>>> print(open('coords.cif').read())   # mmCIF, C-alpha atoms
data_work
#
loop_
_atom_site.label_atom_id
_atom_site.label_comp_id
_atom_site.auth_asym_id
_atom_site.auth_seq_id
_atom_site.Cartn_x
_atom_site.Cartn_y
_atom_site.Cartn_z
CA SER A 2 -28.03 31.27 -54.38
CA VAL A 3 -26.48 28.70 -52.05
CA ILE A 4 -28.70 25.93 -53.41
CA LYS A 5 -27.73 25.48 -57.06
CA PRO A 6 -30.32 24.69 -59.78
CA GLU A 7 -28.72 21.25 -60.00
CA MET A 8 -27.66 19.41 -56.83
CA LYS A 9 -26.12 15.98 -56.34
CA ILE A 10 -27.05 13.65 -53.46
CA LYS A 11 -25.05 11.10 -51.49
CA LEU A 12 -26.54 9.15 -48.58
CA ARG A 13 -26.44 6.21 -46.24
CA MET A 14 -29.30 4.61 -44.39
CA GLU A 15 -28.68 2.22 -41.53
CA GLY A 16 -31.65 0.54 -39.98
CA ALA A 17 -33.61 -2.40 -38.81
CA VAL A 18 -37.16 -3.60 -39.53
CA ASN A 19 -38.64 -6.25 -37.23
CA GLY A 20 -35.06 -6.75 -36.06
CA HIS A 21 -33.57 -7.26 -39.51
CA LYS A 22 -30.48 -5.05 -39.83
CA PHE A 23 -29.71 -3.44 -43.17
CA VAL A 24 -27.62 -0.70 -44.74
CA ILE A 25 -28.29 1.14 -47.99
CA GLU A 26 -26.01 3.47 -49.95
CA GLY A 27 -27.44 6.05 -52.31
CA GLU A 28 -26.37 8.57 -54.89
CA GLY A 29 -28.45 10.82 -57.09
CA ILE A 30 -29.20 14.21 -58.56
CA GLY A 31 -32.09 16.65 -58.66
CA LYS A 32 -33.42 20.13 -59.37
CA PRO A 33 -34.23 21.80 -56.04
CA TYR A 34 -36.22 24.69 -57.51
CA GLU A 35 -38.35 22.43 -59.71
CA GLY A 36 -38.85 19.97 -56.85
CA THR A 37 -37.58 16.87 -58.67
CA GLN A 38 -34.89 14.28 -58.00
CA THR A 39 -33.77 10.77 -58.85
CA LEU A 40 -31.81 8.39 -56.63
CA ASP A 41 -29.92 5.17 -57.24
CA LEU A 42 -30.05 3.06 -54.07
CA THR A 43 -28.09 -0.09 -53.24
CA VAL A 44 -28.44 -2.52 -50.36
CA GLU A 45 -24.95 -3.03 -48.92
CA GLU A 46 -25.90 -5.02 -45.85
CA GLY A 47 -28.81 -7.22 -44.92
CA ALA A 48 -29.70 -8.38 -48.42
CA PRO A 49 -32.16 -9.70 -49.38
CA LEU A 50 -34.49 -7.36 -47.55
CA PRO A 51 -37.37 -9.39 -46.15
CA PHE A 52 -39.83 -6.45 -46.13
CA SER A 53 -41.50 -4.01 -48.49
CA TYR A 54 -39.05 -1.43 -49.83
CA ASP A 55 -41.82 1.14 -50.11
CA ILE A 56 -41.80 1.73 -46.33
CA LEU A 57 -38.29 3.16 -46.82
CA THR A 58 -38.68 5.44 -49.78
CA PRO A 59 -39.96 8.63 -48.12
CA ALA A 60 -36.91 8.53 -45.83
CA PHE A 61 -34.69 8.65 -48.91
CA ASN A 65 -35.10 16.03 -48.35
CA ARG A 66 -37.62 18.85 -48.68
CA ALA A 67 -34.94 21.12 -50.23
CA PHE A 68 -36.22 19.35 -53.34
CA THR A 69 -39.52 21.18 -53.37
CA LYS A 70 -40.84 23.83 -55.73
CA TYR A 71 -41.71 26.73 -53.43
CA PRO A 72 -43.57 29.81 -54.64
CA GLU A 73 -41.86 33.14 -53.87
CA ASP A 74 -44.54 34.23 -51.37
CA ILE A 75 -44.09 31.21 -49.05
CA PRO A 76 -40.86 31.22 -47.03
CA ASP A 77 -38.78 28.16 -47.95
CA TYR A 78 -37.72 26.66 -44.61
CA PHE A 79 -35.49 24.11 -46.25
CA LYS A 80 -33.46 26.13 -48.78
CA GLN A 81 -33.00 28.89 -46.20
CA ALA A 82 -31.35 26.38 -43.90
CA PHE A 83 -28.26 25.89 -46.04
CA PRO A 84 -25.30 25.87 -46.11
CA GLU A 85 -25.57 24.81 -42.45
CA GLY A 86 -28.34 22.31 -43.23
CA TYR A 87 -31.12 20.75 -41.20
CA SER A 88 -32.33 17.49 -39.73
CA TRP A 89 -35.69 15.78 -39.48
CA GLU A 90 -37.36 13.19 -37.27
CA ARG A 91 -40.42 11.24 -38.31
CA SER A 92 -42.92 8.76 -36.90
CA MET A 93 -44.89 6.58 -39.28
CA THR A 94 -47.83 4.82 -37.69
CA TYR A 95 -49.40 2.10 -39.87
CA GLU A 96 -53.00 0.97 -39.61
CA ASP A 97 -52.02 -2.51 -38.37
CA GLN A 98 -49.89 -1.12 -35.50
CA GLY A 99 -46.61 -1.50 -37.36
CA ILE A 100 -44.53 1.57 -36.46
CA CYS A 101 -41.50 3.18 -37.99
CA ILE A 102 -39.23 5.93 -36.72
CA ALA A 103 -36.73 7.67 -38.97
CA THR A 104 -34.21 10.48 -38.61
CA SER A 105 -32.01 12.20 -41.12
CA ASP A 106 -29.17 14.67 -40.81
CA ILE A 107 -28.65 16.65 -44.01
CA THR A 108 -25.50 18.59 -44.82
CA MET A 109 -24.06 20.27 -47.88
CA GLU A 110 -20.60 20.33 -49.44
CA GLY A 111 -20.29 22.23 -52.70
CA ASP A 112 -23.09 21.16 -55.03
CA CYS A 113 -23.71 17.98 -53.03
CA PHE A 114 -26.19 17.06 -50.30
CA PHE A 115 -25.19 14.34 -47.80
CA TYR A 116 -27.79 12.44 -45.73
CA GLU A 117 -27.16 10.21 -42.72
CA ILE A 118 -30.44 8.35 -42.20
CA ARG A 119 -31.52 6.05 -39.38
CA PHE A 120 -34.61 3.90 -39.90
CA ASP A 121 -36.29 1.63 -37.40
CA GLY A 122 -39.50 -0.35 -37.70
CA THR A 123 -41.13 -2.76 -35.27
CA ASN A 124 -44.31 -4.74 -34.62
CA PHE A 125 -45.17 -5.52 -38.24
CA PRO A 126 -47.44 -8.58 -38.45
CA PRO A 127 -45.77 -11.65 -40.10
CA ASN A 128 -48.60 -12.00 -42.61
CA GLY A 129 -49.13 -8.28 -43.07
CA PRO A 130 -48.41 -6.44 -46.34
CA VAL A 131 -45.01 -5.13 -45.22
CA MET A 132 -43.47 -8.46 -44.22
CA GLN A 133 -45.22 -10.26 -47.12
CA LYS A 134 -44.10 -7.59 -49.61
CA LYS A 135 -47.60 -6.88 -50.91
CA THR A 136 -47.21 -3.14 -51.62
CA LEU A 137 -47.24 -1.59 -55.11
CA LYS A 138 -46.64 2.15 -54.61
CA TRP A 139 -47.47 5.18 -52.49
CA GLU A 140 -50.52 7.09 -53.59
CA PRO A 141 -49.87 10.77 -54.30
CA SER A 142 -50.17 12.79 -51.09
CA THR A 143 -50.63 16.24 -49.60
CA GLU A 144 -48.44 17.06 -46.61
CA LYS A 145 -49.67 19.82 -44.34
CA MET A 146 -46.82 22.05 -43.25
CA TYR A 147 -47.15 24.09 -40.08
CA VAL A 148 -45.09 25.87 -37.43
CA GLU A 149 -44.85 24.62 -33.87
CA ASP A 150 -42.24 25.17 -31.13
CA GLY A 151 -40.29 27.45 -33.43
CA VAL A 152 -39.70 24.73 -36.02
CA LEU A 153 -41.52 23.34 -39.04
CA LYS A 154 -43.73 20.26 -38.85
CA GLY A 155 -45.46 18.20 -41.52
CA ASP A 156 -48.42 15.84 -41.18
CA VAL A 157 -49.46 13.62 -44.05
CA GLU A 158 -51.94 10.78 -44.36
CA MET A 159 -50.24 8.19 -46.54
CA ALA A 160 -51.57 5.14 -48.35
CA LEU A 161 -49.81 2.26 -50.02
CA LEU A 162 -51.65 0.66 -52.91
CA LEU A 163 -51.79 -3.10 -52.40
CA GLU A 164 -51.32 -5.99 -54.83
CA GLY A 165 -54.73 -7.52 -54.23
CA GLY A 166 -56.32 -4.10 -54.59
CA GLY A 167 -57.04 -1.99 -51.53
CA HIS A 168 -54.90 0.35 -49.46
CA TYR A 169 -52.62 0.16 -46.43
CA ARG A 170 -52.65 3.44 -44.54
CA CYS A 171 -50.11 5.34 -42.45
CA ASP A 172 -49.99 8.62 -40.57
CA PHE A 173 -46.73 10.51 -41.01
CA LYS A 174 -45.64 13.09 -38.47
CA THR A 175 -42.39 14.91 -39.19
CA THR A 176 -40.43 17.59 -37.37
CA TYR A 177 -37.99 19.59 -39.50
CA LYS A 178 -35.22 21.44 -37.66
CA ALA A 179 -33.01 24.05 -39.36
CA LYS A 180 -29.54 24.41 -37.88
CA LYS A 181 -29.81 28.19 -37.98
CA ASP A 182 -32.51 30.82 -37.61
CA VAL A 183 -34.64 31.12 -40.75
CA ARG A 184 -37.86 32.91 -41.67
CA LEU A 185 -40.87 30.73 -40.82
CA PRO A 186 -43.82 30.18 -43.18
CA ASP A 187 -47.54 30.17 -42.50
CA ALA A 188 -49.42 26.89 -42.71
CA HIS A 189 -49.31 25.52 -46.27
CA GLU A 190 -49.12 22.20 -48.08
CA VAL A 191 -46.64 20.17 -50.09
CA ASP A 192 -47.93 17.86 -52.79
CA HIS A 193 -45.91 14.65 -53.27
CA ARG A 194 -45.48 11.97 -55.90
CA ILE A 195 -42.89 9.25 -55.25
CA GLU A 196 -42.12 6.29 -57.54
CA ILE A 197 -39.78 3.34 -57.75
CA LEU A 198 -38.93 3.63 -61.44
CA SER A 199 -36.97 0.39 -61.61
CA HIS A 200 -35.42 -2.30 -59.39
CA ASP A 201 -33.83 -5.73 -59.50
CA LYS A 202 -35.68 -8.73 -58.15
CA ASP A 203 -34.87 -8.32 -54.44
CA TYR A 204 -34.64 -4.50 -54.55
CA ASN A 205 -30.89 -4.66 -53.95
CA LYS A 206 -30.84 -2.00 -56.66
CA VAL A 207 -33.58 0.63 -56.77
CA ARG A 208 -34.13 3.77 -58.81
CA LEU A 209 -36.37 6.24 -57.01
CA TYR A 210 -38.07 9.48 -58.13
CA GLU A 211 -39.91 12.27 -56.25
CA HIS A 212 -41.76 15.37 -57.38
CA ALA A 213 -42.79 17.90 -54.71
CA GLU A 214 -44.43 21.32 -54.88
CA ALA A 215 -45.54 23.71 -52.12
CA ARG A 216 -48.67 25.90 -52.12
CA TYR A 217 -51.38 27.41 -49.89
#
>>> encode(input="coords.cif", output="structure tokens")
Amino acid sequence: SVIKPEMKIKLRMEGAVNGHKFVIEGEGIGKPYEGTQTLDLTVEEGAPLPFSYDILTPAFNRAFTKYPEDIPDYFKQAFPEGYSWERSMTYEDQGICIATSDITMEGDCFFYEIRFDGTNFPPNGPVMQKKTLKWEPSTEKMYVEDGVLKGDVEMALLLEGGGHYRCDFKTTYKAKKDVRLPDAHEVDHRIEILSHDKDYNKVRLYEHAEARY
């Protein structure tokens, strides 16, 4: 098929959180049909990041999802032409992020151009005080609306002092060509920062994702 069993990834994210501009370069590799991938990410502008890196990690490609044969795979169908997504992330303390990504393919390599913007995070909140530990595993509900695919997922960041910091993700996924559309289903996620240097200038990031009814 067009999507090979092993695919490389190159990316750039440009963004700003509470007005702090940053840029991150990324390269990685994954297995699209097994729904796994690992990225090496490097801050190239705006170091040291004054906010929690975890708010960024889900912005760093549902092509990397294990899809059963009887659910149409919106994402792998979309290539070689590719697809884009747009996402709002509404945190429980009125911090808000918006991200977009345009995903293309050249050979055995995905390319992402990501924009990430976040505003209104409280100065003593867990994002600006870097109190987050990891995202809890999640279940994203995939559904069709306006001829495209949407995903809604209730997210929670585990916090240092125990407790959780919650966020509602809404994503719209837009294939660049006509594809077969699935029925409502779910995608189970696990995302982990495997390793990082002190200020998260270097980060190694892993996701596993699998679709089902």
>>> atom_distance(input="coords.cif", atom1="atom CA of residue A:67", atom2="atom CA of residue A:150")
20.8 Å
>>> resolve_selection(input="coords.cif", expression="the PyMOL selection byres ((chain A and resi 136) around 10)", output="PyMOL selection string")
chain A and resi 52-56+130-135+137-139+160-169
>>> resolve_selection(input="coords.cif", expression="the PyMOL selection byres ((chain A and resi 95) around 9)", output="list in words")
residues 93, 94, 96, 97, 98, 99, 100, 101, 125, 169, 170, 171, 172 and 173 of chain A
>>> atom_distance(input="coords.cif", atom1="atom CA of residue A:77", atom2="atom CA of residue A:113")
18.9 Å
>>> resolve_selection(input="coords.cif", expression="the PyMOL selection byres ((chain A and resi 186-193) around 6)", output="compact mmCIF listing (two decimals) with C-alpha atoms, keeping the file's coordinate frame")
# COMPACT_ATOMS: atom_id res chain seq x y z
CA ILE A 75 -44.09 31.21 -49.05
CA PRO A 76 -40.86 31.22 -47.03
CA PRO A 141 -49.87 10.77 -54.30
CA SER A 142 -50.17 12.79 -51.09
CA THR A 143 -50.63 16.24 -49.60
CA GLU A 144 -48.44 17.06 -46.61
CA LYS A 145 -49.67 19.82 -44.34
CA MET A 146 -46.82 22.05 -43.25
CA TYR A 147 -47.15 24.09 -40.08
CA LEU A 185 -40.87 30.73 -40.82
CA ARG A 194 -45.48 11.97 -55.90
CA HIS A 212 -41.76 15.37 -57.38
CA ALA A 213 -42.79 17.90 -54.71
CA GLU A 214 -44.43 21.32 -54.88
CA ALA A 215 -45.54 23.71 -52.12
CA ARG A 216 -48.67 25.90 -52.12
CA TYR A 217 -51.38 27.41 -49.89
>>> residues_around(input="coords.cif", residues="residue A:79", least_positions_apart="6", cutoff="12 Å", atoms="all atoms listed in the file", output="number ranges by chain")
A: 3-4, 33-34, 36, 65-71, 85-89, 107-108, 146, 152-154, 177-186, 215
>>> atom_distance(input="coords.cif", atom1="atom CA of residue A:20", atom2="atom CA of residue A:128")
15.9 Å
>>> residues_around(input="coords.cif", residues="residue A:121", least_positions_apart="3", cutoff="10 Å", atoms="all atoms listed in the file", output="list in words")
residues 15, 16, 17, 18, 19, 20, 21, 22, 57, 92, 100, 101, 102, 103 and 104 of chain A
>>> closest_residue(input="coords.cif", among="A:174, A:32, A:91, A:119", to="residue A:210", atoms="only C-alpha atoms")
A:32
>>> closest_residue(input="coords.cif", among="A:58, A:199, A:2, A:81", to="residue A:118", atoms="all atoms listed in the file")
A:58
>>> axis_aligned_box(input="coords.cif", around="stretch 144-149 of chain A", padding_each_side="6 Å", output="JSON")
{"center_x": -47.3, "center_y": 21.5, "center_z": -40.2, "size_x": 16.8, "size_y": 20.8, "size_z": 24.7}
>>> closest_residue(input="coords.cif", among="A:37, A:127, A:106, A:116", to="residue A:13", atoms="only C-alpha atoms")
A:116
>>> closest_residue(input="coords.cif", among="A:204, A:114, A:61, A:23", to="residue A:47", atoms="only C-alpha atoms")
A:23
>>> decode(input="coords.cif", residues="stretch 146-159 of chain A", atoms="N, CA and C atoms", output="compact mmCIF listing (two decimals), in the first residue's frame")
# COMPACT_ATOMS: atom_id res chain seq x y z
N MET A 146 -14.43 9.01 17.72
CA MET A 146 -14.36 9.43 16.33
C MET A 146 -15.75 9.39 15.72
N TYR A 147 -16.11 10.45 15.02
CA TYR A 147 -17.42 10.54 14.40
C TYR A 147 -17.42 11.45 13.18
N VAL A 148 -18.38 11.23 12.29
CA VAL A 148 -18.48 11.99 11.05
C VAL A 148 -19.45 13.16 11.18
N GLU A 149 -19.00 14.32 10.71
CA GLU A 149 -19.82 15.51 10.71
C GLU A 149 -19.35 16.43 9.59
N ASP A 150 -20.30 17.02 8.86
CA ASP A 150 -19.99 17.91 7.73
C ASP A 150 -19.05 17.25 6.73
N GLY A 151 -19.24 15.96 6.51
CA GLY A 151 -18.47 15.26 5.50
C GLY A 151 -17.01 15.02 5.84
N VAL A 152 -16.61 15.33 7.08
CA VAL A 152 -15.25 15.07 7.53
C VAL A 152 -15.27 14.29 8.84
N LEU A 153 -14.09 13.94 9.34
CA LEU A 153 -14.00 13.16 10.55
C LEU A 153 -13.62 14.05 11.73
N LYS A 154 -14.35 13.88 12.82
CA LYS A 154 -14.07 14.61 14.05
C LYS A 154 -13.72 13.64 15.17
N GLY A 155 -12.99 14.14 16.16
CA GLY A 155 -12.64 13.39 17.35
C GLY A 155 -12.86 14.25 18.58
N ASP A 156 -13.47 13.67 19.61
CA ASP A 156 -13.65 14.34 20.89
C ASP A 156 -13.01 13.47 21.96
N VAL A 157 -12.15 14.04 22.78
CA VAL A 157 -11.57 13.24 23.85
C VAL A 157 -11.40 14.08 25.10
N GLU A 158 -11.84 13.52 26.22
CA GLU A 158 -11.64 14.10 27.53
C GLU A 158 -10.26 13.69 28.01
N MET A 159 -9.40 14.67 28.21
CA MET A 159 -8.01 14.41 28.56
C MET A 159 -7.73 14.83 30.00
